[PDB]
Structures are given as C-alpha cells and as structure tokens.
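Written out below as structure tokens is the structure these notes cover.
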Ligand SMILES: Cc1ncc(Cc2csc(CCOP(=O)(O)OP(=O)(O)O)c2C)c(N)n1
Ligand SMILES: Cc1ncc(Cc2csc(CCOP(=O)(O)OP(=O)(O)O)c2C)c(N)n1
Ligand SMILES: Cc1ncc(Cc2csc(CCOP(=O)(O)OP(=O)(O)O)c2C)c(N)n1
Ligand SMILES: O=C(O)C(=O)CCCc1ccccc1
Ligand SMILES: O=C(O)C(=O)CCCc1ccccc1
Ligand SMILES: O=C(O)C(=O)CCCc1ccccc1
Ligand SMILES: O=C(O)C(=O)CCCc1ccccc1
Ligand SMILES: O=C(O)C(=O)CCCc1ccccc1
Ligand SMILES: O=C(O)C(=O)CCCc1ccccc1
Ligand SMILES: [Mg+2]
Ligand SMILES: [Mg+2]
Ligand SMILES: [Mg+2]
C-alpha cells in the first residue's frame with residue numbers, strides 16, 4: 001500500500017501528535033497546500049505574515065508538548081520565518097518547517113527562479129544553521145525513511161527541523177512513514193547517574209529543584225511535581241521556565257530572577273548546596289541576573305540529553321529517563337511559603353501602571369475566574385506577566401525576540417479547544433505582529449489582549465534613557481481594532497482597566513483588545529530592578 | 001628582533017627539540033640556510049621524506065619532547081603525510097615545517113611547481129593530520145602563532161603544521177614567548193582524583209595498564225611510583241610495549257589477549273579495577289579478545305579527559321591526575337623472557353632471534369632501545385629485553401623501523417639502537433641506513449628476511465602475491481657504508497650478533513633468513529584471534 | 001545478471017582500457033586483491049613501497065593514454081601514495097586509486113581501527129583534495145552508477161579519482177557497470193570557437209603550435225601532427241610536453257625552455273603573434289623561464305575543456321572536439337630546420353659529463369638503434385633528457401616531484417609488450433625509489449637505467465651553492481645492483497660509458513644499471529642556463 005508523499009507526511013505528523021498546520025502559500029507550495037486543505041489531515045490555519053506562522057506553530061508545539069507545523073513557500077516565505085525558527089531552536093520548541101520548492105527538474109533551463117537565493121540550495125544551507133535535522137524530499141524511495149529520521153530528531157532533541165519539498169514530489173507515490181529511529185540509552189549509565197544525583201540531593205542541607213523548558217517539552221511536569229514531593233524539596237522555575245507546573249497540587253515557590261525577583265526565592269536559590277537545574281537553558285536571562293555569583297559547576301544540570309554534576313558529564317541521558325529513574329528510587333511521600341501574587345487593584349480615576357494590570361488580572365482569578373494560559377511578547381509585558389496568576393505561560397524568555405506574543409496566543413488558542421488565551425504585549429511588539437489579530441474571525445478564536453501602550457520601546461529607554469530614538473508615536477490601537485474584526489477599548493484609569501477586563505471576559509466571539517495607556521518611565525517592579533541592577 | 005626562521009628554531013630548542021630532520025627543496029632553501037648557519041638545532045638530512053617524518057617522530061618519542069621535520073612545498077610535504085598521520089595516531093608531537101611560495105608569488109597567472117589544485121591545498125590536507133596549523137605570513141603575528149601552535153603540540157602531544165612562505169624566512173620578528181596556558185580546574189581535578197583513588201581501592205584485583213601518554217608527558221617515573229604506593233601491578237598495552245623500562249619494579253608484562261601470556265591476559269580481563277592510563281582504545285590493544293572487556297567498566301584517562309562510572313571529567317591532563325593521585329597517597333611475578341638460544345645448525349625462527357638478544361643482556365650487556373617496524377619483527381620484539389621500545393603499534397604503518405632507529409640514535413648521545421625489521425618493510429625504508437656515516441651513527445639492525453609479506457600470508461595463505469623475491473640485503477650493506485652478514489643457522493645468528501655488538505663505526509646489518517611459514521607464536525595467535533573475530 | 005562488486009569494477013576498468021593494476025596489499029585490502037589475483041581481469045603487479053605504486057600506475061596511464069590503476073590498503077597504504085597522486089593530478093594523469101577500508105559494520109565496537117586517521121572518513125577527506133571525483137562503494141544498489149560516474153570523470157578530466165571499498169562489499173552482488181555519464185558539448189559553441197581560432201592562426205604572420213600534455217592524454221598526437229601540417233605551422237612542445245609527437249612524420253622543431261632552451265626556438269615562440277597553446281599546463285616550469293615576458297592573454301589556450309583567446313573564454317570545449325573541428329575546416333596539405341641533437345661522443349679516458357650521456361644515447365640511435373621511451377626523474381637527468389632522442393618521454397615536468405623515474409619506467413615496461421624503457425635518474429632520486437628495481441625479475445622486465453651519480457642534490461647546490469647540506473655520500477649503486485637481481489656497472493670515463501651502454505642493450509633478462517659518476521658542479525647545458533638566468 002502506497003500513498004502520496006504529502007499525504008504521508010501529514011499523516012506522519014498527525015501520528016506524532018501534531019494538531020494543526022499553520023502556513024502562508026506561494027506558487028511553489030500550492031500543490032502541497034492543496035493536499036493539506038483537501039485531505040484535512042491537519043487543520044490548516046493561514047496567517048498574514050510568515051513570522052506569525054513560525055510563532056504560532058512554536059506556540060502550538062509548546063501548548064501540547066508535541067510537534068508544531070509551519071508551512072511556507074520557497075524563499076520569500078521560508079527566509080521570512082528564519083527569526084521565529086531561530087527562536088524556536090533557542091527555546092527548544094519542535095517546529096517542523098515545511099517549505100515548497102522548485103520541482104526536481106526546474107532550474108535547468110538557463111533561468112534563475114523567483115525566490116531563489118544565490119543558488120537553489122541557498123535556502124537549505126541557511127536552515128541548516130537553525131534546525132537540528134533537514135531533508136529535501138526529492139527521492140520517493142527514500143522519503144519515508146527521511147521523514148521518520150527528521151521528525152524523530154525534532155521529537156528527541158525538541159528543536160526545529162526542516163523539510164524541503166520540490167513541488168513535483170508532492171503527489172509522488174511513497175510507502176507510509178514508519179517509526180522514529182531509536183536513540184539508544186545505556187541503562188547502566190542511567191542507573192549510575194540517578195544514584196549519584198539522588199545522593200547529592202539527599203546530602204544537601206538546602207536542596208532546590210529548578211525547572212525549565214525541557215520539563216514541559218518532554219511532558220514531565222506531573223512526574224516532576226511528584227519527584228519534588230518525594231524528595232521533599234521546594235521547586236522554583238527559571239525565568240524562561242515561568243508557567244511550568246501550573247497544575248501541580250503544590251505549585252513552585254516562585255520564579256528565580258536574581259536581583260530582579262523575590263529576595264527570599266533569590267536567597268534560597270543562590271545559597272542552595274543542592275541546586276538541581278532540571279531541563280534548564282543556561283542563559284544570561286536565567287542566570288546573569290544573580291546577586292551572588294552562581295557557580296554553575298556546583299549545580300546538577302540535566303539538559304540536551306546529558307547530565308552534569310561533580311565536574312563530570314553523563315552523556316546520552318534523556319530527561320524523561322532520568323526523572324523516571326529517580327522516582328523509581330524514591331518511595332511515595334507520606335513546606336516553604338510561596339511568593340505572594342500582587343492583588344487588590346484600586347479601580348479609581350488614577351493612571352495605569354504595569355502592576356495594576358497584574359492586580360486586575362489576579363483579582364478576577366481570586367474572585368472565581370479560572371486562570372487563562374498567558375502568551376507574552378518580549379517587553380515589560382513579560383516582566384509584568386511574572387507576577388500574574390496563569391494556567392501556563394509561553395514567552396520568548398531566552399531568545400527574547402519581539403513579535404512572539406500575539407501570534408503565539410493565536411496559535412495556542414487555535415488548538416485550545418475553546419479555552420481563551422490571555423495575551424500581553426507592548427506597543428512596540430504590537431506594531432510588528434499584533435495585526436495578526438485580523439485573522440481571529442476566520443480562525444474562529446477570541447483571545448483577550450492587553451496592550452501596554454507607553455508610546456515607547458521602554459525597555460531600551462531604561463537601558464539608555466538619554467537617547468531619543470526610543471520615542472514612539474501614540475498609535476490608536478483600540479481605534480484600529482474594529483478594522484480587524486475585534487473589539488477595542490482604550491483605558492487610561494485603573495477604574496477603566498478593571499471595567500475593560502470584565503467586559504472582555506464577558507464578551508466572546510471576537511478578540512478583545514484592551515489598550516492600556518501607561519506613562520513613559522512607569523515600569524513593572526521586576527523590570528526596574530532587572531536594570532537597576 | 002630576529003629573523004623569523006631563527007625565532008622558530010630557538011622557540012623549538014626552548015621547548016626541548018634536539019634536532020631538525022629534513023630534505024630541502026627550492027621553496028625551503030632559505031629556511032634550510034638559516035638552520036645550517038645558526039646551528040640552533042643540528043640539521044640531519046635523510047634520503048626520502050617518509051624517513052624525515054619517522055625520524056622526527058622517533059626523536060620526539062625518545063626524549064618526550066618536540067620532533068622537527070622540515071620539508072619543501074608539495075613534493076616534500078605530501079610525501080610525509082603517511083608518517084605524520086602515524087605520529088598523529090600515536091600521539092607524537094612532530095612539528096612539520098614546510099617551505100612554501102613567497103607571499104607575492106603565484107600572481108603572474110602561472111601555476112607553481114609543487115602546488116596542489118590550489119596554493120592552499122597542502123594546508124587543507126595537513127589540517128586533517130595535525131592538531132594546530134599556521135601559515136607564518138605575517139611577521140607581526142608570527143611569534144604568537146608559533147607559540148600557539150607549538151603549545152598545542154605539547155599539550156595534545158600530536159603533530160602540528162607550520163607553513164613558511166619563502167620571503168618570510170628572513171623577516172624580522174620579536175622573540176617567541178611561552179605557550180598559551182591551558183587552565184585546569186583544581187576542584188574538578190580533586191574530584192576526579194578522589195573518585196579514581198576510591199575506585200582503585202574498592203577493587204579486589206586492580207590493574208594499572210600503561211600506554212603511550214605515560215611516556216609522552218614524561219610520567220613513567222611518577223607512574224611507577226604510583227603503582228608502588230597503590231600496591232598494584234602494572235601491565236602495558238601492546239602499543240605501550242617499552243614503557244617503564246628502567247622502573248625499579250618493571251611492568252609484569254604486556255597485554256595481547258589470546259596472543260599474549262595467559263597469566264597476564266587473565267589478570268587484565270578478570271580485573272575489577274582496570275585503570276587504562278594514557279591508553280589508545282585500538283583494535284590492536286584490545287580486540288585480541290579472549291573475554292570481551294567492557295570498556296565502560298574501566299577507568300580511562302586519555303586525551304586530557306578521564307572516564308569512569310559512565311561519566312567523563314573533561315580537561316583533566318594525565319600529568320595532573322597522576323600528581324593528584326600521588327598527593328593522596330603516602331609513600332610505600334613478571335612474565336619471563338625467552339632465553340637459551342641453541343647456537344647450532346638448525347634454521348632460525350623468530351623466537352631464536354629474541355633468545356639471541358636476551359642471552360646477551362643476561363650475560364652482561366646493557367639492553368639497547370629497540371626500534372621496530374610493523375611485521376613479525378614487532379610481535380617477536382614483544383619477547384625481547386629492551387631499554388625502551390618504539391614501534392607503530394597502533395597506526396601499524398610499515399617503514400617506521402629503520403628511520404626511527406636512525407632518528408633515535410641521532411639524539412641518543414652515544415647509546416646504540418637496535419632495530420628489528422622485515423624484508424617487506426626494509427624494501428620501503430631500510431635504505432636510509434646509507435645515511436649513517438654522515439649522521440655519525442652505527443645502529444644494529446636485525447632484518448627478518450622470509451622473502452614474504454608473511455603477516456599477510458597468515459591472514460590469507462591462498463594468495464600468491466605475498467610471495468616476494470629474495471633480496472640480498474647483507475650484500476647491499478657495503479654499498480651504503482655498513483657491514484652486512486646473512487645468517488641461516490642459529491649458530492651463525494649468535495656469532496653475527498656478537499660481532500655486530502663488538503663493531504662500532506658502521507651500522508651493522510644482520511640479515512636473518514627465516515623460512516616462509518615460520519612465525520612467532522604471538523603473531524600466529526594474534527592473527528588466528530582476528531580471523532575468529534571476523535567469522 | 002549480477003556479479004561481485006570487485007569483479008564488476010575490474011571489468012569496468014578493463015572496458016575503459018586499463019591494462020594492469022599496481023598495488024601493495026594490507027589486511028583491509030586482502031579480499032579485494034584476492035579477487036584481482038584469482039580473476040586475472042587485470043594483470044596484478046605488486047611493488048615494494050606505495051609511492052612506486054602511484055608512479056607506476058601514473059606511467060601506465062601516460063603510456064597508453066588510458067586509465068592507470070593503483071590499489072592500496074587503508075591508511076598506511078593510501079596516505080603513502082598522496083604525493084604520487086598529487087603529482088598525477090597536477091600533470092593530468094587519470095590514476096584510479098582503489099583503497100581497501102574497514103567493512104561498513106566495523107568501527108562500531110568502541111575501538112579505534114589500525115590505519116584510521118582522526119576519524120574513519122579522514123582518508124576520504126584527504127583524497128578529495130587530490131582527485132576530481134570520489135566514491136565510497138558502501139551501497140551495492142548504487143555502486144554501478146557510482147563507478148561509472150567516477151571512472152567517467154577520470155577519463156573526461158584526465159585526473160585521478162578515488163574509490164574506497166569497505167572490505168565486506170568486495171563480494172557484494174551488483175549489476176554490471178554501465179557507460180560513463182555523457183558530458184554535453186554545444187555544437188554551435190564549438191563551431192564558433194574553431195572558426196575564431198582558425199581565423200587567428202591564419203591572420204598571424206608567425207604562428208606557432210605549442211603542444212603539451214592533454215594532446216597525449218586524449219590521444220590526439222596523430223591528429224595534431226596532421227593539424228600542424230594542414231595549417232603549415234611549426235610545432236614546439238612545452239617543457240612538460242617533451243616527448244610528444246615522437247612518431248609524427250614531421251617531428252616538432254624542439255622544446256621551448258625560454259632562456260634555458262635553444263635560442264631560435266625561444267625566439268620563434270616569444271615573438272609569435274599566433275601562439276596556440278594546445279592542451280598546456282600554464283606552469284612556471286613551462287613559462288617562467290621566458291627571456292621576453294610572454295603575454296599569456298595574447299595566446300590561444302585550450303585546456304581543461306575550455307578555450308581562451310581574445311580575452312574571452314569558450315566553456316565546455318573538449319580538446320578532441322576542437323581538434324576535429326579545426327581539421328574539418330582545413331583542406332589536406334598539398335619548413336623550419338629542427339633543433340639538432342647532441343652527438344659524437346668521444347669514447348676516451350676523459351670524465352663523464354651529462355651531455356656525454358646524451359651523446360652516448362643519441363649515437364646508438366643514429367647508428368641504427370630504434371629509440372626507447374624515456375622515463376625521467378626530476379633532477380639534471382631530466383634537463384639532460386631534453387637533448388635525447390626518444391620514442392616518447394614521461395617525467396614530472398610540472399609537479400617536479402622526485403622518485404617518479406624508476407617506478408615510472410617500471411610501470412611503463414610492464415605494459416610495453418616487450419619494449420625496453422630507458423630510465424635516467426640522479427643519486428638523490430634513486431635513494432628514494434630506485435630500489436623498486438628489485439622487483440624487475442618478478443615483474444619480468446629489464447629496463448636500462450642510467451644513474452647520474454654526483455653524490456649530491458646538485459640542482460639545489462646550483463640554486464644555493466654556499467650551503468653544505470646538499471652534499472651526499474658516494475653510494476655504490478652498481479655494487480648494490482646484484483642484490484636486487486640486476487646487472488650493475490659503475491662507469492667513470494666516456495669510454496666506459498659507451499661500452500656500458502652497448503652491453504646493457506645487448507643484455508636482456510635483467511635490469512641494467514649504468515651508474516655514471518659525474519663530478520659535482522658538472523651540469524647539462526640546459527640546467528646551467530635554467531639557473532644562470
Ligand atoms: C524583533 C526584535 N527587534 C528588536 C528587539 C530589541 C528590543 C528589546 S525590547 C524593545 C522595546 C519593546 O517596546 P515594547 O513597546 O514592545 O514594550 P516595552 O519595552 O515594555 O515598552 C526592543 C526594540 C527585539 N528584542 N526583537
Ligand atoms: C606502508 C604500509 N603498506 C602496507 C601495509 C600492509 C602490511 C601489513 S603487514 C605486511 C607484510 C610485511 O612484510 P614484512 O617482510 O615487512 O614482515 P613480515 O610480515 O613478518 O614478513 C604488509 C604489506 C602496511 N602495514 N604499511
Ligand atoms: C620528493 C621530493 N623531495 C625533494 C625535492 C627537492 C629537490 C629538487 S631537486 C633535488 C636534488 C636531486 O638530486 P639528484 O641526485 O636526484 O639529481 P641532481 O640534482 O641532478 O644531482 C631535490 C632534493 C623534490 N623535487 N621532490
Ligand atoms: O507564488 C509566488 O510565490 C509568487 O511570488 C509569484 C511570482 C510570480 C511568478 C514568477 C515566475 C513564475 C511564476 C510566477
Ligand atoms: O516554553 C515556555 O514559553 C515557557 O515559559 C515554559 C512553560 C510553557 C507552557 C506551560 C503550560 C502551557 C503551555 C506552555
Ligand atoms: O627545488 C625544487 O623543489 C624543485 O622541484 C626544482 C624544480 C625546478 C624549478 C621550476 C620552476 C621554478 C624554479 C625551479
Ligand atoms: O611510543 C611507543 O612507540 C611505545 O612503544 C611506548 C614506549 C616509547 C618509548 C619508551 C622508551 C624510550 C623511547 C620510547
Ligand atoms: O594488514 C595490515 O594492513 C596491517 O597493518 C596489520 C596490522 C595488525 C592488525 C591489527 C588489528 C587487527 C588486525 C591486524
Ligand atoms: O606526460 C608526460 O610525462 C610527457 O612528457 C608528455 C609525453 C608523454 C608520453 C609520450 C609518449 C609515450 C608515453 C608518454
Ligand atoms: Mg512600549
Ligand atoms: Mg617478510
Ligand atoms: Mg645528484
């Protein structure tokens with residue numbers, strides 16, 4: 001039994017948990033989008049600009065701890081997604097990039113083809129720098145094995161992969177795609193590693209379990225919550241890891257942000273003699289903000305299929321394998337006070353400050369509203385989100401690339417089964433990708449978006465306030481919402497903010513944009529310290 | 001300031017280099033002129049480039065320092081790729097210095113003799129067989145580049161490549177300073193040593209297995225001391241034959257699995273504390289099976305790393321680990337050598353040669369360092385008493401033997417070298433002996449002549465191509481300035497060896513006629529083991 | 001119908017004209033040598049050291065204008081042939097390098113394998129720098145096509161190629177090797193090129209046809225002799241091209257060597273307004289010796305499948321295609337005096353000088369002896385050979401790598417069908433590879449070798465006479481000849497030289513080594529000028 005290549009790929013993706021395919025077509029990709037649309041194997045969602053295709057697919061992958069799918073056309077499409085994919089690579093999100101391409105017999109007539117780079121292979125070379133595996137599906141006989149190998153790499157390494165499909169191969173007959181190639185694990189090495197880790201955590205006086213991205217990438221949040229419970233150790237997330245263990249009976253104590261975070265959490269972390277960095281990205285965003293210099297060599301670090309502690313490394317140790325191995329050595333368990341969330345918004349005629357937004361959101365939850373998953377862009381919106389009650393959070397906490405927010409909220413809500421997403425984004429970032437909200441009506445989603453409008457690239461002003469180029473105009477985003485099919489309202493007072501948030505939650509059917517005017521110079525408590533240090 | 005070429009020679013001497021082996025060519029004449037005129041390093045010329053590399057390799061192994069091989073562009077350098085690949089494989093810091101076109105040559109629309117596809121082709125090839133490279137085409141950066149490159153050769157103990165454009169030889173530069181420092185984390189080192197020491201003390205039958213890095217980094221005395229303080233026996237790998245030759249308590253023997261002494265093999269393979277010190281994990285050192293060694297259960301220190309208990313400590317120099325272990329330790333039945341050569345009218349077998357050599361040592365002769373080529377000559381040397389031994393026990397490239405013996409004796413301050421080599425290998429590089437007179441050396445060379453590539457016959461006896469002609473090597477010795485004698489009986493063998501040892505001034509070639517089909521038991525069992533492995 | 005891979009390769013080589021296979025085995029190459037020996041598809045000739053395997057195969061390829069074959073083992077064998085292959089690449093000789101290698105399943109047991117470089121692929125990477133095409137025959141299904149592609153490249157480009165054969169693939173079943181892939185030629189471009197070339201040669205007042213290596217590499221000597229005849233133009237060879245058109249009714253006028261060659265030939269060449277460089281290597285050895293600077297841009301240059309003239313280039317123009325195209329535009333023809341050969345040896349008690357050797361050889365030919373093909377090493381032996389009457393000549397006239405001589409003479413005589421080869425070589429070069437003569441008895445050849453013994457690397461002394469490292473000992477090569485199965489005689493007087501040469505020609509059955517003692521400082525007329533300028 002054979003099937004068409006494109007159909008075999010779509011089915012292989014669905015078999016691996018992909019829930020949708022985001023994309024923007026082009027002539028080279030038309031045959032492929034046709035198969036996607038007509039077969040309906042994966043729900044096809046189009047967007048306006050490719051960066052959003054990349055971010056939405058990344059968000060979908062983060063939301064479901066599975067493969068995200070982003071389909072584009074040759075050159076103009078793919079090169080326009082390099083930044084979003086570089087970001088997914090950095091934050092370990094398995095985005096499957098599928099690009100259309102000239103057919104295997106094209107480009108031999110002495111003519112250059114629209115969308116090609118210096119050579120026809122230039123695009124492939126560029127994507128090799130931002131993906132962990134690649135394949136040009138130009139040989140039907142090899143396609144099934146290549147798809148399995150590439151998709152297998154994305155799942156094992158939890159990073160983007162690249163598939164280039166010559167258009168004349170879309171309907172080529174192939175055999176069904178088999179299973180991912182297996183990645184061997186030495187059981188004796190895993191046993192030794194787990195034994196050493198457990199002994200180190202057990203000998204520490206003040207052990208701390210610090211969770212980061214891989215914990216959700218490999219679907220280990222529940223097991224890790226159980227591990228901490230069994231070890232009797234507190235859990236704190238890294239900055240990038242904000243949003244992890246949101247459903248654990250015992251939530252993490254808080255998020256470590258060094259001099260910019262809660263003093264007690266910072267103290268617990270930096271003075272720990274048993275700091276277990278579980279699935280952590282060793283980024284400046286997660287650790288350069290330390291008050292006391294943190295000797296990374298004295299921590300236990302599990303990441304990228306390896307575990308390092310005691311100045312040595314155990315290679316080929318999958319995080320899931322380690323977590324299971326530790327749980328197997330721990331009997332079931334037969335507590336520090338968590339960092340308090342800002343609450344008590346004063347809904348009066350006073351101006352809006354970032355913390356007021358955090359209080360407004362937290363107050364509704366405390367009043368009975370089930371928290372919403374939060375999608376944050378990079379800016380003070382993210383540093384503010386750090387003080388918000390969430391049902392998970394996705395943000396570019398390491399790559400720090402702006403534009404992520406609105407498209408991520410869109411991608412997440414496309415696969416959320418009816419659950420609304422709360423998006424926080426600044427005016428700078430909204431000018432980049434907030435416009436994608438114009439697609440909500442067709443996609444059938446109604447995210448609530450809180451836009452922090454300080455008519456400025458404020459994070460940059462804070463870094464270098466003397467400069468004038470960080471000044472932005474006052475765009476009337478709420479006024480422009482209607483043009484995009486959503487409900488927009490500009491709020492200037494804390495009372496208007498509270499009222500706005502209430503109506504947005506009471507109004508489904510279309511995206512709700514709450515444009516919160518914030519004076520320049522007014523920051524979140526977290527961001528101030530992050531720079532004031 | 002000083003001339004770039006002189007600055008490099010002084011930098012080499014500063015690091016212990018003792019000589020410069022080489023063959024000139026037009027692109028290298030200016031460099032060879034500086035070397036000859038400054039006399040910073042004695043300049044020894046040979047006949048063919050493979051020998052230049054082998055000799056430089058041997059000198060480096062002999063003094064645990066840098067070896068120096070100078071050649072000309074293309075025809076010189078490419079002809080040394082094999083010797084350098086072998087030095088890389090066997091961790092010998094050979095500094096390859098090649099002449100090259102001047103920085104302003106090759107721009108008149110003409111291809112230059114000796115160039116590869118492009119002028120940079122040679123450089124690209126050498127990147128594959130060296131750990132560091134530099135084209136000294138900028139006087140201002142030359143001192144620092146020389147320091148970086150020579151520093152890498154010392155730290156990694158592997159060959160490096162220096163390409164010197166002709167017009168830069170006499171360019172003015174500042175003196176060369178010290179090697180860049182390779183930082184070592186003291187906390188990591190302490191933890192590494194603590195784990196290793198604990199593992200060795202926990203074992204009921206610990207074994208110290210020494211290999212090349214032990215000599216490369218000048219650690220033989222310290223390792224011998226280490227074995228004594230730990231109270232553990234020392235055995236060498238096949239490649240490591242010759243190590244700890246003058247230790248108060250020499251190694252018990254050399255591990256060769258099914259091909260070596262059964263007691264040594266049992267000790268190694270049954271050990272629950274096998275410490276592979278500076279060991280190359282090659283098929284030659286370990287595939288000689290018997291009982292599969294789980295390498296993951298050993299302690300392996302090699303290439304500036306230490307692996308045990310399924311994990312690795314990076315950036316841990318072997319020397320640092322040995323010193324760290326000694327700092328944690330308070331001060332605190334050898335395999336017999338075959339003897340009794342029967343000086344009679346029977347034919348000569350490989351073992352008879354080992355008995356002849358060993359009998360002399362037991363009679364009072366201080367052992368000589370042995371230089372061996374690849375062939376049954378090496379497997380036979382495993383049973384000889386030596387004052388050290390150098391052989392291509394891993395790379396296994398033929399031609400190493402004679403040139404290595406020559407290179408070693410050039411830097412041995414008077415000590416004579418014994419070389420063992422087969423007829424096949426001698427046909428490749430034995431001719432370099434014609435350089436002995438000019439070099440002022442007189443090595444003793446025992447040529448195993450069976451008119452055959454016998455090791456290959458053993459692997460595939462049905463083939464006719466392993467049958468070689470009978471070359472009269474002893475008869476050709478005079479033409480090269482040496483004394484040769486062909487021997488066929490054990491009695492002639494004994495007489496020739498005594499005569500050779502009692503005759504200085506000219507190399508002594510003893511051509512021992514060994515019958516085809518006659519091979520050392522070690523080689524026979526080695527090959528039989530290999531055949532079953534790949535069955 | 002299928003056959004074993006090794007057998008298919010050997011047959012593919014024979015189908016392309018290969019006449020023998022030179023090699024030295026090793027364990028990784030044993031299975032392959034077994035097939036070669038037992039099938040006898042290609043006569044198998046072994047040598048002592050790999051450099052000779054490379055040189056002999058190169059010489060065989062030059063001798064028959066076909067593929068040469070050199071078989072070695074992994075690492076120790078192959079890396080030992082890099083220099084000879086670099087030389088074949090430089091002088092455009094299609095040497096097929098076949099190396100044994102570990103089987104496809106070896107090297108996965110945690111152990112390094114004897115003969116490997118840094119990695120198992122290190123050797124392959126190195127050979128890519130000195131060959132025009134490569135293939136590891138590790139896939140039976142692809143092997144036939146890969147062999148055809150690689151062998152096809154060697155023949156089209158006339159340069160070495162590399163084939164790596166994992167030992168477990170030697171007897172793998174494969175389909176027979178098909179034809180070489182075709183290399184397209186634009187007929188309109190060839191027509192335009194030929195028309196322009198013909199017009200330029202026709203408009204020149206003093207046109208000259210200068211032949212070089214490609215003329216024999218592509219078997220065009222006879223057609224090129226006819227072309228010169230039809231154009232009515234004199235032919236001169238480049239230095240590298242010495243030996244070309246040896247059988248043409250009208251031999252070339254001589255060999256161009258600038259200030260070091262004949263003044264009249266140098267004048268004709270450098271003052272030519274129609275200099276056609278046919279198949280020429282633009283090397284310093286061929287043109288840096290010019291008295292008057294030669295503006296290469298004003299010549300017509302056909303080489304590497306292209307033709308350049310009038311400041312422009314015609315790509316993809318095969319030399320054979322151009323020669324045929326020119327002949328097609330020239331009607332059959334319905335003469336300058338050649339450079340005279342040195343003759344009249346005075347066979348007395350005087351000492352030997354290089355020119356005396358040239359006179360001795362030339363005198364026997366003039367007296368009735370059919371000239372012999374000459375194999376020359378690099379040294380004054382080559383500069384002397386420039387004045388010898390030959391039936392072709394092979395020498396490293398561009399790469400200039402020593403060691404070429406004896407092995408080249410050996411390789412050539414192995415495929416010469418009984419014709420003896422005359423080899424000229426210096427003491428320096430003989431110390432490197434002259435020992436290969438010990439194989440003559442088993443190979444069944446009896447070359448005549450004239451060894452120029454000046455106990456010195458004289459060419460280098462001439463370049464820098466103040467140095468002492470160019471001094472060599474006096475090796476008794478004639479005395480060592482017997483040990484190698486040949487007849488050696490040392491000659492010191494011109495009378496002994498003449499006598500020696502006569503006996504050597506009268507003695508077949510074993511190689512004849514005539515060791516001619518030459519005082520240091522005594523050079524060929526050609527070499528002196530080559531430096532004295
Ligand atoms: C794609 C990209 N281009 C530029 C930048 C550099 C940047 C980091 S933060 C910032 C200003 C963001 O202004 P915004 O109004 O969105 O939020 P806020 O600072 O709180 O006022 C910029 C331009 C990044 N990170 N990504
Ligand atoms: C440069 C190179 N080319 C080929 C080979 C392959 C080989 C390994 S063993 C052997 C035969 C050696 O014959 P020899 O007479 O020297 O000693 P013996 O076997 O005891 O009779 C060959 C050709 C190697 N290792 N290196
Ligand atoms: C493989 C290689 N290594 C070094 C060199 C450099 C060289 C070019 S010419 C020469 C001296 C040759 O002495 P020979 O006795 O053979 O003939 P003659 O000069 O007339 O006395 C050398 C060393 C080359 N070209 N190739
Ligand atoms: O579809 C796309 O991606 C395009 O940009 C269309 C560009 C127009 C176009 C140019 C050349 C051939 C076919 C179409
Ligand atoms: O990957 C990120 O963006 C993070 O902040 C880690 C938490 C991700 C996340 C948690 C819960 C639901 C969806 C996503
Ligand atoms: O010295 C060497 O290495 C040689 O090969 C000499 C080749 C002769 C030579 C050719 C072109 C320029 C200069 C010299
Ligand atoms: O490197 C080799 O070839 C070995 O066999 C290891 C021992 C080397 C060696 C020991 C003693 C003196 C000189 C050299
Ligand atoms: O045959 C060759 O090329 C050799 O060098 C033989 C080296 C000895 C050898 C080592 C490891 C496995 C099998 C044999
Ligand atoms: O390729 C070379 O070495 C040359 O000198 C060109 C002539 C080659 C050559 C001519 C005649 C018979 C055999 C070979
Ligand atoms: Mg802003
Ligand atoms: Mg032999
Ligand atoms: Mg000479």
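Residue numbering: from 1, along the chain as shown.
A Cβ is built for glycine as well, from the same backbone N, Cα and C atoms used for every other residue.
Per Swiss-Prot, the features are as follows:
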type    : residues     : note
BINDING : A:50         : thiamine diphosphate binding site
REGION  : A:380-458    : region 'Thiamine pyrophosphate binding'
BINDING : A:427, A:454 : Mg(2+) binding site
May I have the DSSP-based helix, strand and coil counts for the residues of the region 'Thiamine pyrophosphate binding' (A:380-458)?
34 helix, 15 strand, 30 coil
For residue A:50 (thiamine diphosphate binding site), just give me the three-state DSSP call.
helix
Distance filter, Cβ under 6 Å of ligand 1; input binding-site residues A:50, A:427, A:454; output A:427, A:454
Reported as an integer number of Å, what is the Cα distance between residue A:427 (Mg(2+) binding site) and the residue listed as 'thiamine diphosphate binding site'?
20
Residues with Cβ closer than 8 Å to the Cβ of residue A:454 (Mg(2+) binding site), same chain and 6+ apart in sequence?
A:380, A:426, A:427, A:517, A:518, A:519, A:520, A:522
Suppose we draw a 10 Å sphere around the Cβ of residue A:50 (thiamine diphosphate binding site). How many other Cβ atoms does it contain, all chains included?
25
For residue A:427 (Mg(2+) binding site), the number of other Cβ atoms found within 10 Å of its own Cβ:
25
